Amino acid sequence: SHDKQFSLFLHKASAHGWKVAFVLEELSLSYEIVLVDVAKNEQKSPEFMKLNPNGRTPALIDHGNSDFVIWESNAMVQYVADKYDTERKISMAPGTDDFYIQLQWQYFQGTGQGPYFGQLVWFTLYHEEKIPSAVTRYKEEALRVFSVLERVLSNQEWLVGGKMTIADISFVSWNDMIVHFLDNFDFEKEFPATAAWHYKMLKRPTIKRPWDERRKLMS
């Protein structure tokens, strides 16, 4: 293996693993990405399923913590943040009321943005029958998810606590992947405040290089 504190197993095409990569980079935590070859169904391999019985990437092993294994990308984020962000540069303090709001937005991301964007992708590209009513249903719902973000981000700087947190960050990877799936999408034209919020973050070198590494791999 390596000497890194974290082993982060991802599918290169996925939004989820790179989101943990962002959070890792923001926190100056050492980590080593291990590609899972989903094309070969390595994610359904017994080796991988010892890490995550769900058999879907990502999974994280914290070697700096007794080789502690954990999956579900949102929880990976929370774990890494609650534990290693002592000075709370990009997280709300545990136990405080803001922490649970932060948590709400992370659920909005993982339950609301994730699954729905994914269905839109599914029916655009991968579903075995071309169904416009289904593609339409999730196109609509992805737009609706921008509107929800715009509803807040046009009134406040960040999702929670007057600063950029892991809650804001969670949304970046999918938000950037989803645009190809939307008809003539003009992000700053259609959702001005959410666009600025997305680009501000994606501009950060701690988020720029991981996503740059993603881009090189996908080509």
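Start at 1 with the first residue shown and count on from there.
request  = Report the stretch with the higher mean CA temperature factor, choosing between 29-37 and 167-175 on the basis of the entry.
outcome  = Mean B over CA atoms: larger for 29-37.
message = Tell me which stretch, 137-145 or 86-94, has the higher mean Cα B-factor listed in the entry.
response = Averaging CA B-factors over each stretch, the winner is 86-94.
inquiry  = Looking at 54, 43, 184, 194, which one carries the largest C-alpha B-factor according to the PDB entry?
reply    = Highest C-alpha B-factor among the listed options: 184.
inquiry  = Using only modelled residues of the chain, where does the Cα B factor of residue 208 rank: lowest third, middle third or highest third?
reply    = As the PDB entry reports it, the C-alpha B-factor of residue 208 lands in the highest third of its chain.
ask   = Taking the C-alpha B-factors as the PDB entry records them, is residue 74 in the lowest, middle or highest third of its chain?
value = It falls in the middle third of the chain.
message = Ranking every modelled residue in this chain by its Cα temperature factor as given in the entry, which third contains residue 125?
response = Ranked within chain, residue 125 CA B lands in the lowest tercile.
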